[PDB]
Amino acid sequence: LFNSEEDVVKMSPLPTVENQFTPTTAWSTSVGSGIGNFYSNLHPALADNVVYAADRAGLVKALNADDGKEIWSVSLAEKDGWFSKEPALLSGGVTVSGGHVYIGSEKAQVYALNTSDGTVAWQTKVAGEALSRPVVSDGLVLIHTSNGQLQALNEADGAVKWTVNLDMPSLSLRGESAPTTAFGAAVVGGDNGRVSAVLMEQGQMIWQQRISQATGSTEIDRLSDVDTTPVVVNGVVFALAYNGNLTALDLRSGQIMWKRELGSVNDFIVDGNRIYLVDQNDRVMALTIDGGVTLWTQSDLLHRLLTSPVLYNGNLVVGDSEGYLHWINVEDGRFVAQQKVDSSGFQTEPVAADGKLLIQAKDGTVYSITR
Amino acid sequence: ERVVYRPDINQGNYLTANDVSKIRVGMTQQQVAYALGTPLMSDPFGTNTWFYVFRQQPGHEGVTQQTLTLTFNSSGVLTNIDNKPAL
Amino acid sequence: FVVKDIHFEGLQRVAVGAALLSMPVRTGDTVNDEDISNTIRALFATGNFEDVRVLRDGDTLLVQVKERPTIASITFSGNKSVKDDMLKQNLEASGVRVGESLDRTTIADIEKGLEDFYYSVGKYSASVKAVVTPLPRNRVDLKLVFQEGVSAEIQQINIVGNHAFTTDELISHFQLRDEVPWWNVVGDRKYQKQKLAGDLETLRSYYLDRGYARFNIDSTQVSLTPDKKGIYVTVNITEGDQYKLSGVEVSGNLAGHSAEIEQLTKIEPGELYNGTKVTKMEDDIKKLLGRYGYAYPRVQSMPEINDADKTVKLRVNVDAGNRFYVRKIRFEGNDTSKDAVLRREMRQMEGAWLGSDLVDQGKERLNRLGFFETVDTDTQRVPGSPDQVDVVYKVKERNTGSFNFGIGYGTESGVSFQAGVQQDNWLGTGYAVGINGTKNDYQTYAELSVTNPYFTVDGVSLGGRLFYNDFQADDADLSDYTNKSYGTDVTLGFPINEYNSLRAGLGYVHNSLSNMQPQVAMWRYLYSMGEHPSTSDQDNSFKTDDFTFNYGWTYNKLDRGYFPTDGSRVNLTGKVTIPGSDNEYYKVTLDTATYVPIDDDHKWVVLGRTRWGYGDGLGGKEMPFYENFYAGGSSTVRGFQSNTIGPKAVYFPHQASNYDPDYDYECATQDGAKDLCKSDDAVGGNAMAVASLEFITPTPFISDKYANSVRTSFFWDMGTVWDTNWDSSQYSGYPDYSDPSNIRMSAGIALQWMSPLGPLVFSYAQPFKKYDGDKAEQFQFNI
Amino acid sequence: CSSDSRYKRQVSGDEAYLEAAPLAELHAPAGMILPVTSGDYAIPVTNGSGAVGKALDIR
Amino acid sequence: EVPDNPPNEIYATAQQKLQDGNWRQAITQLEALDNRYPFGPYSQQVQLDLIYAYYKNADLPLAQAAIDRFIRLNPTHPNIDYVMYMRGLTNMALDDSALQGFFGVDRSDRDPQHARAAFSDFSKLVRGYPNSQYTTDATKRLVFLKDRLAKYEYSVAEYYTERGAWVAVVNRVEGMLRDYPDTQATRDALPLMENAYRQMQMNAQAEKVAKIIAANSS
């Protein structure tokens with residue numbers, strides 16, 4: 001076993017460590033089996049000066065975002081049913097919108113947890129569990145669930161505004177579509193390497209736009225999890241295909257303004273014309289909004305376990321499941337700081353909110369990070 | 001034989017009492033074959049003659065038999081339903 | 001331009017004219033300039049061509065074909081878990097092989113399809129690299145390079161849309177087992193999507209038998225987890241709102257067997273619906289029509305599932321065939337054995353209807369043969385009347401002959417040897433013979449044992465066995481032990497039922513002894529014989545001619561005669577003497593071998609092999625001491641040495657054995673260790689109770705093409721042999737075996753190695769507890 | 001080194017099909033002649049010449 | 001052995017290791033002759049030499065594949081007269097083989113599997129090459145081939161007579177009838193069906209056979 005089962009391929013743990021602005025934690029408030037090693041789109045937010053934190057198999061916390069000491073905690077480990085004390089099992093993120101904490105759960109169920117205490121301000125089961133985090137918006141609980149459904153529930157009680165189908169998968173092509181609202185349309189990505197827009201009023205397809213490759217005869221890896229979410233610069237949608245092919249496209253029609261069918265990208269942010277991104281090999285590039293003009297790039301992150309990148313403390317910040325945080329020179333690609341603040345590591349979206357930079361790690365959980 | 005146990009010998013391709021009623025003298029081979037099928041023995045060098053014989057042996061006792069021979073003409077039109085019992 | 005001479009450069013595998021006929025312009029055709037370009041591409045339609053340079057010398061064609069013909073090898077690297085032939089199958093899938101039209105255009109298409117094969121394994125994290133590497137003058141090697149990162153494995157099962165049934169029991173139904181702990185270690189792992197489809201019905205039938213007759217699976221979402229291993233799965237199902245089987249209205253072409261059909265439709269109207277029970281009940285009718293000749297038992301149902309009372313109503317539409325389908329039969333795979341011995345190993349007769357069981361029961365007897373590799377058949381409906389189904393009995397036959405070892409002095413200490421071998425139907429003629437014998441300075445043993453198992457057509461088993469043991473244990477060829485013994489065994493096989501079978505025979509043993517040992521169990525037998533010689537010497541002789549009567553009986557409902565896995569065969573046998581025998585005694589026994597499936601897929605089966613035996617005198621006598629019961633060594637309490645488990649006698653105070661040699665074979669003798677020395681060898685008892693409990697273990701690391709007839713098994717081995725006639729006053733200061741509790745203990749593993757002259761059973765057993773006088777060789781090699 | 005038993009080991013074979021002979025053919029009376037040949041039991045009996053048995057050449 | 005050499009150098013060593021008795025080498029020559037040069041001028045003669053190297057090394061299915069190869073390499077070739085005979089001569093030897101022949105143990109009631117295959121190919125020879133040097137050979141094989149099938153099918157009609165499925169007797173006897181009239185074993189099966197008739201009280205149908213017995217007394 002120990003000297004026999006061996007066959008691996010390349011990986012880099014952490015090349016290029018820097019501490020030019022020496023990074024710290026703003027506080028550490030580890031919650032438990034939070035995000036977990038388990039792949040699920042439950043991830044925290046930061047609001048109300050309250051770290052509304054969670055365990056995905058246990059306690060749903062709320063912690064004072066000064067020190068992360070507890071505002072409240074409840075447990076959505078559902079205590080009865082045909083499964084009889086099943087754990088929390090959260091598929092959608094910690095969507096704290098108003099006095100509810102909306103979380104898509106892996107019961108195919110969406111609990112709005114009342115932000116004052118954590119009582120379920122409403123619950124409502126949806127068609128499939130939340131492949132994307134609940135985009136609670138405009139009275140709608142807009143969720144790309146696992147079956148490629150866009151559901152819209154009421155965010156006050158769960159009254160289902162609609163449930164429409166998105167760009168389908170083939171097996172479960174986990175294209176995080178995260179159905180945004182732009183130009184009065186529920187703007188939403190895809191699973192087959194497509195993208196679309198449907199109506200924000202009833203889920204009425206404004207247009208469906210195939211972008212690029214997916215599984216089946218132009219197949220992509222099991223690692224492909226690519227967030228196909230629209231980042232709409234309102235006239236021009238910027239979104240990914242499921243093979244990570246970057247695309248500028250119309251919102252009224254989905255007509256491709258330009259697309260990188262050269263990109264195979266995992267995480268992406270459009271920072272003005274500075275499209276900072278994370279490729280399949282966790283390789284970082286700064287593209288433009290005209291195409292793929294590399295403003296800068298980085299292989300200091302290359303074959304990593306990265307999170308989404310964020311502009312914070314003047315640098316591109318990104319964690320990894322190796323527990324390293326990485327402050328990247330937004331000028332060019334270099335570490336300006338590196339923080340190993342955990343070892344269970346990060347796959348959450350880093351929440352640069354309440355003035356902080358909130359992450360919940362996998363099991364070495366919630367840390368606020370600063371430099 | 002001073003042995004009372006004999007493993008029983010059986011043999012079908014016969015006619016039941018229901019089978020003889022399906023046919024009568026006049027019916028062609030086909031008409032019999034629509035009624036009874038074709039037996040697993042016919043007259044190889046003689047005329048159309050359809051041999052449906054039962055055979056069965058019991059333990060230490062005498063062998064049963066129900067031979068039912070369907071002798072047609074050359075046209076196959078039934079001419080003789082020749083039933084023959086055991087012995 | 002019209003060509004006078006086409007110049008055909010670069011030709012190895014394809015012909016010159018095969019190029020020229022592939023040229024749209026031949027030598028002398030009307031040549032166009034695009035036809036020259038068509039002479040480029042239509043030559044590339046050979047597939048063996050790298051470049052085709054159709055130039056013309058004014059009009060004189062010069063076609064410089066560069067070639068990629070026969071791929072002179074294909075090589076592989078990095079595929080530790082993956083067979084190269086499976087990758088060669090992908091090359092066979094992509095139309096390329098060794099010696100083929102090379103295409104360097106499909107290299108990634110290979111490696112994609114290799115990865116798409118590596119997909120279908122249950123991985124994707126693996127490297128693939130077809131490398132086109134040249135071989136003589138234009139030929140090539142296809143070098144294949146692999147860095148296999150990780151497969152995929154069962155991680156998570158999400159079931160939404162279930163309303164009653166816990167996924168823990170559902171994973172317990174399915175083969176999505178994903179837990180092998182470190183201190184609670186159990187079971188295995190490693191996903192395959194081909195198991196998944198059966199795991200869908202392992203849910204579905206499980207809902208079907210519950211009543212869920214509106215059960216459907218809505219959808220299924222198996223996680224493409226960003227790790228290239230992670231298999232989580234969301235399934236959406238619609239539970240099925242349980243129904244009651246509430247009435248059977250079976251009809252159709254019931255062939256007049258409607259009441260017997262109604263016995264097969266004896267249901268409870270209103271119990272929770274079980275379509276699986278409905279499913280097999282149709283097959284009972286298909287057996288019932290199969291019983292009555294109808295090999296066309298078209299029996300379909302309609303479960304009119306009534307959702308208003310939450311019930312089911314059972315329409316069943318039946319159609320029979322005709323009776324006399326068994327027209328004739330064929331027998332195949334007897335190129336070296338007799339056909340008719342297989343035909344008399346069969347129950348269904350030609351010129352009859354279908355007895356659906358009798359072909360299988362005949363095949364069951366042929367399964368109980370064990371001189372076969374395969375028992376199967378081909379049951380061909382010959383087209384014609386509905387009385388024409390012929391039956392090819394396609395079967396394969398197995399190995400023959402097996403020598404038995406134990407021989408050796410180095411082949412240097414005189415002319416001393418051991419033989420022994422079996423004949424195995426005598427080449428499929430119909431005569432199973434097994435013959436052994438050994439002539440040394442210490443013995444001269446003769447034996448034969450032959451049966452005509454079908455001396456008559458019923459299975460009269462003309463089992464003729466002989467022996468001549470001139471056993472001459474050597475101190476001067478006397479003075480250790482003399483016994484010349486000789487005689488026969490003719491014993492016959494009886495039909496009792498078709499799984500029941502009696503045995504009876506008679507025996508001749510004339511033992512002729514001299515120089516008899518001082519040990520009490522002889523002498524207590526000698527005095528039970530009423531023969532009282534002097535025990536301080538081995539001067540003592542004995543001439544006996546015991547005439548016994550053999551008898552026995554056999555059960556037969558265990559599977560195979562060479563590799564069984566389920567069932568049992570009871571082996572009752574015994575002997576008793578007659579008025580006229582030179583000793584009046586008996587000896588009875590029974591041996592068991594049950595095959596109980598731990599795994600009912602028979603990768604784990606209980607093999608309870610036990611042995612019993614008892615024999616004493618009929619009155620005023622005793623059973624002879626050579627008829628006492630032994631164990632150890634190769635026995636079912638192994639790891640010992642042979643005849644080490646059992647009672648232990650004591651020599652009487654002794655002297656010269658008619659000259660016991662100078663300090664050799666000490667038997668309380670004058671030459672060493674005088675005056676009531678003891679025998680620590682298993683002299684055996686009048687009672688036998690020994691056993692082995694074996695458990696079928698699979699072998700994963702072996703090519704299972706031949707490990708399938710290799711049976712490795714674990715055991716504990718324990719047993720007791722003792723004498724109920726044993727003394728506790730002359731074995732008062734000695735091992736007493738009057739008690740039944742003389743229980744030995746051993747454990748270990750055996751390895752049956754399937755060799756082409758019979759399987760080879762080698763076993764390391766380890767005696768845990770060994771009782772009085774046991775002697776051990778833990779490593780035993782056997783047959 | 002073998003008496004009655006053919007040293008320098010070999011495997012058993014067959015050529016007796018040419019070395020055999022036919023048997024008596026049917027002579028059945030009238031009305032009792034069924035057709036008695038099917039398939040290539042009707043031998044395509046042709047004797048365009050050349051050697052037989054062991055005498056036959058092998059290329 | 002023998003890589004991409006001169007083919008005649010491969011072929012000389014092929015003909016040499018044929019004449020050496022190194023058929024296992026000569027096979028490996030004639031393979032490496034056609035592994036490199038299957039387009040050789042004697043590549044059909046290679047197949048004639050391969051079967052010659054196969055049969056003298058007792059490689060009947062390898063011969064039979066090379067027989068199929070000679071068909072698939074040259075289905076119009078006149079040396080199918082060898083090869084279709086060799087197709088029989090494989091299948092004549094492919095059928096039965098045992099060491100019980102010194103004891104006189106018959107294997108004509110063993111399975112005539114490739115004998116039924118040799119029943120085709122020897123007849124396909126004397127059909128396809130009714131003039132060949134192998135033709136006078138193969139016809140006499142077919143004489144015993146139907147007679148091997150006689151004692152094959154005679155062995156089971158006795159068994160059904162021992163079984164007492166008298167319909168199954170007359171089925172094997174009429175199959176013995178309707179194939180080979182030239183066998184005495186059918187004329188010895190002649191009372192058996194008649195006895196099976198007489199057990200089935202088709203004594204009259206048996207008496208039809210009794211005059212056949214009267215006609216087949218000579």
# chains A, B, ... in the order shown; residues from 1 in each chain; ligands from 1
call {"tool": "residues_around", "arguments": {"residues": "segment 326-332 of chain A", "least_positions_apart": "6", "cutoff": "6 Å", "atoms": "only C-alpha atoms", "output": "ChimeraX atom specification"}}
result
/A:296,315-318,338
call {"tool": "select_by_dssp", "arguments": {"residues": "segment 10-161 of chain E", "states": "alpha helix (DSSP H)", "output": "PyMOL selection string"}}
result
chain E and resi 10-20+23-36+43-56+60-73+80-95+113-128+135-161
call {"tool": "residues_around", "arguments": {"residues": "residue 119 of chain C", "least_positions_apart": "5", "cutoff": "12 Å", "atoms": "only C-alpha atoms", "output": "PyMOL selection string"}}
result
(chain A and resi 215-217+219-222) or (chain C and resi 111-114+124-128+148+150-152+192-193+228-229)
call {"tool": "write_last_selection", "arguments": {"atoms": "C-alpha atoms", "output": "short mmCIF file (atom, residue, chain, number, x, y, z; two decimals), in the first residue's frame"}}
result
data_model
loop_
_atom_site.label_atom_id
_atom_site.label_comp_id
_atom_site.auth_asym_id
_atom_site.auth_seq_id
_atom_site.Cartn_x
_atom_site.Cartn_y
_atom_site.Cartn_z
CA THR A 215 -18.84 16.65 -21.81
CA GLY A 216 -19.57 14.44 -24.81
CA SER A 217 -17.39 14.11 -27.96
CA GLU A 219 -15.30 16.25 -23.57
CA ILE A 220 -13.76 18.11 -20.66
CA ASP A 221 -12.48 16.82 -17.34
CA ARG A 222 -14.18 15.77 -14.10
CA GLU C 111 -5.48 9.81 -26.75
CA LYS C 112 -8.89 11.43 -26.42
CA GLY C 113 -10.50 8.05 -27.02
CA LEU C 114 -7.89 6.59 -24.70
CA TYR C 124 -10.25 10.74 -16.09
CA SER C 125 -7.19 11.85 -14.19
CA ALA C 126 -4.62 10.09 -16.36
CA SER C 127 -2.17 11.06 -19.06
CA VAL C 128 -2.36 9.59 -22.55
CA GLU C 148 -2.52 7.75 -14.48
CA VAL C 150 -6.61 9.03 -10.05
CA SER C 151 -9.82 7.12 -10.77
CA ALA C 152 -13.32 7.89 -9.54
CA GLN C 192 -18.52 2.03 -11.81
CA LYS C 193 -21.48 3.50 -13.71
CA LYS C 228 -11.19 14.26 -10.92
CA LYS C 229 -12.31 11.60 -8.46
#
call {"tool": "closest_residue", "arguments": {"among": "B:15, B:53, B:85, B:79", "to": "residue 37 of chain B", "atoms": "only C-alpha atoms"}}
result
B:15
call {"tool": "residues_around", "arguments": {"residues": "segment 171-182 of chain E", "least_positions_apart": "3", "cutoff": "10 Å", "atoms": "only C-alpha atoms", "output": "PyMOL selection string"}}
result
(chain B and resi 40-41+44) or (chain C and resi 327-328+350-351) or (chain D and resi 22-27+34-43) or (chain E and resi 143+146-147+149-160+165-168+185-194)
call {"tool": "closest_atom_pairs", "arguments": {"of": "chain B", "to": "chain E", "cutoff": "12 Å", "atoms": "only C-alpha atoms", "output": "Markdown table"}}
result
| residue | atom | partner | partner_atom | distance |
| --- | --- | --- | --- | --- |
| B:7 | CA | E:163 | CA | 11.3 |
| B:8 | CA | E:163 | CA | 10.7 |
| B:9 | CA | E:164 | CA | 7.4 |
| B:10 | CA | E:165 | CA | 7.4 |
| B:11 | CA | E:165 | CA | 5.8 |
| B:12 | CA | E:167 | CA | 8.6 |
| B:13 | CA | E:167 | CA | 8.2 |
| B:14 | CA | E:167 | CA | 10.4 |
| B:39 | CA | E:167 | CA | 9.9 |
| B:40 | CA | E:167 | CA | 7.2 |
| B:41 | CA | E:167 | CA | 6.8 |
| B:42 | CA | E:170 | CA | 10.1 |
| B:43 | CA | E:205 | CA | 8.0 |
| B:44 | CA | E:174 | CA | 8.2 |
| B:45 | CA | E:208 | CA | 9.0 |
| B:46 | CA | E:208 | CA | 9.0 |
| B:47 | CA | E:205 | CA | 11.4 |
| B:49 | CA | E:205 | CA | 10.4 |
| B:50 | CA | E:202 | CA | 11.8 |
| B:51 | CA | E:202 | CA | 9.1 |
| B:52 | CA | E:167 | CA | 9.4 |
| B:53 | CA | E:200 | CA | 7.1 |
| B:54 | CA | E:200 | CA | 8.5 |
| B:55 | CA | E:165 | CA | 7.8 |
| B:56 | CA | E:165 | CA | 9.1 |
| B:57 | CA | E:164 | CA | 9.2 |
| B:63 | CA | E:199 | CA | 10.3 |
| B:64 | CA | E:200 | CA | 10.5 |
| B:65 | CA | E:200 | CA | 7.7 |
| B:66 | CA | E:200 | CA | 8.7 |
| B:67 | CA | E:200 | CA | 6.8 |
| B:68 | CA | E:200 | CA | 10.0 |
| B:69 | CA | E:202 | CA | 9.2 |
| B:71 | CA | E:205 | CA | 11.9 |
| B:82 | CA | E:202 | CA | 10.8 |
| B:83 | CA | E:201 | CA | 10.5 |
| B:84 | CA | E:201 | CA | 7.5 |
| B:85 | CA | E:201 | CA | 8.7 |
| B:86 | CA | E:201 | CA | 8.3 |
| B:87 | CA | E:201 | CA | 7.8 |
call {"tool": "residues_around", "arguments": {"residues": "residue 552 of chain C", "least_positions_apart": "6", "cutoff": "9 Å", "atoms": "only C-alpha atoms", "output": "PyMOL selection string"}}
result
chain C and resi 501-505+571-575
call {"tool": "closest_atom_pairs", "arguments": {"of": "chain D", "to": "chain B", "cutoff": "7 Å", "atoms": "only C-alpha atoms", "output": "Markdown table"}}
result
| residue | atom | partner | partner_atom | distance |
| --- | --- | --- | --- | --- |
| D:31 | CA | B:45 | CA | 6.0 |
| D:32 | CA | B:45 | CA | 5.0 |
| D:33 | CA | B:45 | CA | 5.3 |
| D:34 | CA | B:45 | CA | 4.1 |
call {"tool": "residues_around", "arguments": {"residues": "segment 378-388 of chain C", "least_positions_apart": "6", "cutoff": "10 Å", "atoms": "only C-alpha atoms", "output": "JSON list (two decimals) with N, CA, C and O atoms, in the first residue's frame"}}
result
[["chain", "number", "residue", "atom", "x", "y", "z"],
["B", 13, "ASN", "N", -45.22, -37.64, -27.73],
["B", 13, "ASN", "CA", -45.69, -37.56, -29.12],
["B", 13, "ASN", "C", -46.85, -38.54, -29.33],
["B", 13, "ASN", "O", -46.73, -39.58, -29.98],
["B", 33, "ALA", "N", -52.47, -31.14, -39.23],
["B", 33, "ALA", "CA", -51.35, -30.37, -38.69],
["B", 33, "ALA", "C", -51.80, -29.02, -38.15],
["B", 33, "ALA", "O", -51.13, -28.45, -37.28],
["B", 34, "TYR", "N", -52.92, -28.49, -38.64],
["B", 34, "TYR", "CA", -53.47, -27.31, -37.98],
["B", 34, "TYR", "C", -54.15, -27.69, -36.69],
["B", 34, "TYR", "O", -54.34, -26.84, -35.81],
["B", 36, "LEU", "N", -53.29, -30.81, -34.88],
["B", 36, "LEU", "CA", -52.43, -31.62, -34.04],
["B", 36, "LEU", "C", -50.96, -31.36, -34.27],
["B", 36, "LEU", "O", -50.12, -31.90, -33.53],
["B", 37, "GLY", "N", -50.61, -30.57, -35.27],
["B", 37, "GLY", "CA", -49.23, -30.55, -35.70],
["B", 37, "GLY", "C", -48.90, -31.81, -36.46],
["B", 37, "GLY", "O", -49.76, -32.65, -36.74],
["B", 38, "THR", "N", -47.63, -31.96, -36.79],
["B", 38, "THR", "CA", -47.07, -33.13, -37.43],
["B", 38, "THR", "C", -46.39, -33.98, -36.38],
["B", 38, "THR", "O", -45.69, -33.45, -35.51],
["B", 39, "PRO", "N", -46.61, -35.30, -36.38],
["B", 39, "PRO", "CA", -45.98, -36.14, -35.36],
["B", 39, "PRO", "C", -44.50, -36.25, -35.61],
["B", 39, "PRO", "O", -43.97, -35.89, -36.66],
["B", 40, "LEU", "N", -43.82, -36.80, -34.62],
["B", 40, "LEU", "CA", -42.38, -36.99, -34.68],
["B", 40, "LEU", "C", -42.03, -38.33, -35.32],
["B", 40, "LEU", "O", -40.92, -38.84, -35.16],
["C", 293, "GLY", "N", -44.96, -29.23, -21.89],
["C", 293, "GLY", "CA", -44.56, -29.29, -23.27],
["C", 293, "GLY", "C", -44.43, -27.96, -23.96],
["C", 293, "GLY", "O", -43.64, -27.86, -24.90],
["C", 294, "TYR", "N", -45.15, -26.94, -23.53],
["C", 294, "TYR", "CA", -45.21, -25.67, -24.23],
["C", 294, "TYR", "C", -43.90, -24.93, -23.99],
["C", 294, "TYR", "O", -43.70, -24.29, -22.96],
["C", 295, "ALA", "N", -43.02, -25.02, -24.98],
["C", 295, "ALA", "CA", -41.80, -24.22, -24.96],
["C", 295, "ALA", "C", -42.04, -22.84, -25.54],
["C", 295, "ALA", "O", -41.09, -22.08, -25.75],
["C", 296, "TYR", "N", -43.30, -22.48, -25.80],
["C", 296, "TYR", "CA", -43.63, -21.12, -26.18],
["C", 296, "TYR", "C", -44.54, -20.56, -25.10],
["C", 296, "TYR", "O", -45.73, -20.31, -25.37],
["C", 321, "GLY", "N", -47.40, -22.82, -26.22],
["C", 321, "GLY", "CA", -47.09, -23.40, -27.50],
["C", 321, "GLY", "C", -47.84, -24.69, -27.73],
["C", 321, "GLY", "O", -49.05, -24.77, -27.48],
["C", 322, "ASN", "N", -47.12, -25.70, -28.19],
["C", 322, "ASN", "CA", -47.65, -27.05, -28.30],
["C", 322, "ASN", "C", -46.81, -27.95, -27.41],
["C", 322, "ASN", "O", -45.85, -27.49, -26.80],
["C", 323, "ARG", "N", -47.21, -29.20, -27.26],
["C", 323, "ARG", "CA", -46.52, -30.04, -26.30],
["C", 323, "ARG", "C", -45.20, -30.55, -26.85],
["C", 323, "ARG", "O", -44.14, -30.29, -26.28],
["C", 324, "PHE", "N", -45.22, -31.16, -28.02],
["C", 324, "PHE", "CA", -44.22, -32.18, -28.30],
["C", 324, "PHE", "C", -42.92, -31.62, -28.87],
["C", 324, "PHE", "O", -42.25, -32.31, -29.65],
["C", 325, "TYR", "N", -42.57, -30.40, -28.46],
["C", 325, "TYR", "CA", -41.38, -29.65, -28.84],
["C", 325, "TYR", "C", -40.09, -30.45, -28.78],
["C", 325, "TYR", "O", -39.26, -30.33, -29.68],
["C", 326, "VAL", "N", -39.95, -31.33, -27.79],
["C", 326, "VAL", "CA", -38.75, -32.17, -27.74],
["C", 326, "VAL", "C", -38.86, -33.20, -28.85],
["C", 326, "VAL", "O", -39.51, -34.24, -28.72],
["C", 327, "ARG", "N", -38.23, -32.87, -29.96],
["C", 327, "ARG", "CA", -38.28, -33.73, -31.13],
["C", 327, "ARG", "C", -37.10, -34.68, -31.11],
["C", 327, "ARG", "O", -37.29, -35.90, -31.09],
["C", 328, "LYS", "N", -35.89, -34.12, -31.13],
["C", 328, "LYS", "CA", -34.64, -34.86, -30.98],
["C", 328, "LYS", "C", -33.68, -33.99, -30.18],
["C", 328, "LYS", "O", -34.02, -32.89, -29.77],
["C", 329, "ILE", "N", -32.48, -34.51, -29.91],
["C", 329, "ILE", "CA", -31.45, -33.77, -29.18],
["C", 329, "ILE", "C", -30.10, -34.02, -29.85],
["C", 329, "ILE", "O", -29.89, -35.02, -30.53],
["C", 330, "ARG", "N", -29.17, -33.08, -29.65],
["C", 330, "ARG", "CA", -27.81, -33.23, -30.15],
["C", 330, "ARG", "C", -26.83, -33.14, -29.00],
["C", 330, "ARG", "O", -27.07, -32.48, -28.00],
["C", 331, "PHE", "N", -25.70, -33.81, -29.15],
["C", 331, "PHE", "CA", -24.68, -33.82, -28.11],
["C", 331, "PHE", "C", -23.34, -33.46, -28.72],
["C", 331, "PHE", "O", -22.91, -34.06, -29.71],
["C", 332, "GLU", "N", -22.68, -32.47, -28.13],
["C", 332, "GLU", "CA", -21.51, -31.89, -28.75],
["C", 332, "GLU", "C", -20.47, -31.58, -27.69],
["C", 332, "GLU", "O", -20.79, -31.20, -26.56],
["C", 351, "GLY", "N", -39.08, -37.76, -28.94],
["C", 351, "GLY", "CA", -40.39, -38.29, -29.19],
["C", 351, "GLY", "C", -41.25, -38.04, -27.98],
["C", 351, "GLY", "O", -41.85, -38.97, -27.43],
["C", 352, "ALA", "N", -41.26, -36.79, -27.50],
["C", 352, "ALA", "CA", -42.04, -36.45, -26.32],
["C", 352, "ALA", "C", -42.30, -34.96, -26.30],
["C", 352, "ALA", "O", -41.88, -34.21, -27.18],
["C", 353, "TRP", "N", -43.01, -34.54, -25.26],
["C", 353, "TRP", "CA", -43.18, -33.13, -25.01],
["C", 353, "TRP", "C", -42.03, -32.60, -24.20],
["C", 353, "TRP", "O", -41.12, -33.33, -23.79],
["C", 354, "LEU", "N", -42.06, -31.30, -23.96],
["C", 354, "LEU", "CA", -41.06, -30.68, -23.12],
["C", 354, "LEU", "C", -41.38, -30.91, -21.65],
["C", 354, "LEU", "O", -42.39, -30.42, -21.13],
["C", 359, "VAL", "N", -34.26, -31.58, -18.98],
["C", 359, "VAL", "CA", -33.05, -31.13, -19.64],
["C", 359, "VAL", "C", -32.08, -30.56, -18.61],
["C", 359, "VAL", "O", -30.89, -30.86, -18.62],
["C", 394, "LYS", "N", -24.26, -28.71, -26.04],
["C", 394, "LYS", "CA", -22.92, -28.16, -26.07],
["C", 394, "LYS", "C", -22.36, -28.19, -24.65],
["C", 394, "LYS", "O", -22.95, -27.64, -23.73],
["C", 395, "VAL", "N", -21.26, -28.92, -24.47],
["C", 395, "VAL", "CA", -20.59, -29.04, -23.18],
["C", 395, "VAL", "C", -19.10, -29.17, -23.44],
["C", 395, "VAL", "O", -18.67, -29.67, -24.48]]
call {"tool": "atom_distance", "arguments": {"atom1": "atom CA of residue 19 of chain B", "atom2": "atom CA of residue 256 of chain C"}}
result
12.7 Å
call {"tool": "residues_around", "arguments": {"residues": "residue 15 of chain A", "least_positions_apart": "5", "cutoff": "9 Å", "atoms": "only C-alpha atoms", "output": "compact mmCIF listing (two decimals) with N, CA, C and O atoms, in the first residue's frame"}}
result
# COMPACT_ATOMS: atom_id res chain seq x y z
N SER A 299 2.11 32.60 -13.01
CA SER A 299 2.26 31.18 -12.72
C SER A 299 2.87 30.96 -11.34
O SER A 299 3.28 29.84 -11.02
N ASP A 300 2.97 32.02 -10.53
CA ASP A 300 3.21 31.85 -9.10
C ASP A 300 2.08 31.05 -8.48
O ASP A 300 2.31 30.23 -7.58
N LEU A 301 0.86 31.31 -8.92
CA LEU A 301 -0.21 30.34 -8.80
C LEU A 301 -0.27 29.53 -10.08
O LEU A 301 -0.55 30.07 -11.16
N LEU A 302 0.05 28.25 -9.96
CA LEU A 302 0.01 27.31 -11.06
C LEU A 302 -0.09 25.91 -10.47
O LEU A 302 0.77 25.54 -9.67
